[PDB]
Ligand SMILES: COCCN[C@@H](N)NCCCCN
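What follows is one chain in structure tokens, specifically the form deposited without the ligand.
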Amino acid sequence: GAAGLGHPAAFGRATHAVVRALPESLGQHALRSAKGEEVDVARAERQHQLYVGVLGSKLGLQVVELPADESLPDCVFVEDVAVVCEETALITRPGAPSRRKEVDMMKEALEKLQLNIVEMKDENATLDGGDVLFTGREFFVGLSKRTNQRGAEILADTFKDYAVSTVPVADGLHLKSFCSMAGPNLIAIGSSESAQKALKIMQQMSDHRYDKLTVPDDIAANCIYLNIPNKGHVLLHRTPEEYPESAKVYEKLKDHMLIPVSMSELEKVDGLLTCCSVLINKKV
């Protein structure tokens, strides 16, 4: 019953998505926060293809698919190299120096989409897109092992229409390792002490209180909210096969079109749902 909320300028409206195929080198060579199980690269490819099929085939977005680069094992995680807000694209300077060559082809793709490009070139600045939470009315930027204060300052200078606040992020995480937007004014949030401390800080800094959807698995707090024509609220979330008790929480969004999306292989290299796309609203 959310279909009445379809609007060309609604929060979460997108027309285009940029994604990038994963290389075979991802299985052995992609960075990961913990030693774990062997990545099944063929299964990861199939899951990525299904994720792309949701964005393009099921939801109707125009998907730009960048080719894999075997020398960039993390290149599937396009979120980290660009932040798009309205008509402006910030090309980031990733915290991991070997990922910085990923920005070149993202830049070309976003230039083709007629976006206004700003490049993070300050040699003292790092920022991963995964540390950036855009709520629809402000930005929160995680200060992490990958994103620093200067990177957040450049983001604030680039997106002059929005307030920007920083939040400290622990250990080897990104801000969106445990949160994301699940709808207008609605933050999905994990249950760990790290996640709860972070939400407390963002709530205290903001002009207004966000609603929250608390899930028991931090990783399952990473979802993709979209507002799609003739549907309204749409949410991609981790499957009940992967995280049954978090999927049950999302089931309460009775006016959302809920789409379960498997990501069990890329999870092994810290790849969550938001990581694998950059969303753009090209207003016609």
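Here the rigid core means the biggest group of C-alpha atoms that line up within 1.5 Å when the two forms are laid on top of each other. From 1 onward, residues are counted along the sequence shown.
- Relative to the displayed structure, the C-alphas of 230-238 lie farther away on average in 7 other deposited structures of this protein than those of the other candidate, with 217-225 and 230-238 compared after rigid core superposition.
- In this crystal structure, the stretch out of 179-187 and 194-202 whose C-alpha atoms carry the higher mean B factor is 194-202.
- Legend: mean Cα B-factor per stretch from the PDB entry, 275-283 versus 1-9; the higher mean is in 1-9.
- Set against one another, the Cα B-factors of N222, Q49, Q28, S33 in the record reach their highest point at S33.
- Among all modelled residues in its chain, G129 ranks in the lowest third by Cα B-factor.
- The PDB entry assigns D157 a C-alpha temperature factor belonging to the highest third of its chain's modelled residues.
- Ranked by Cα temperature factor within the chain, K101 sits in the highest third according to the deposited record.
- Sort the chain's modelled residues by C-alpha temperature factor and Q114 lands in the highest third, per the entry.
- Per the PDB record, residue ranking by Cα B-factor puts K145 in the highest third of the chain.
Keep in mind that the form solved in complex with the ligand is not shown, yet the notes after this line are about it.
- Using a 4.5 Å cutoff between non-hydrogen atoms, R93 does not count as a contact of the ligand in the deposited complex.
- When the ligand is considered in the deposited complex, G130 lines it closely, a heavy atom lying within 4.5 Å.
- The ligand in the deposited complex is not approached by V19, whose heavy atoms all lie more than 4.5 angstroms from it.
- Among heavy atoms of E265, none comes within 4.5 Å of the ligand in the deposited complex.
- Contact with the ligand in the deposited complex, judged as any non-hydrogen atom within 4.5 angstroms, is confined among 79-87, 185-193, 111-119, 159-167 to 79-87.
- Shown without its partner, the chain has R99 as the single residue in segment 98-123 with a non-hydrogen atom within 4.5 angstroms of the ligand in the deposited complex.
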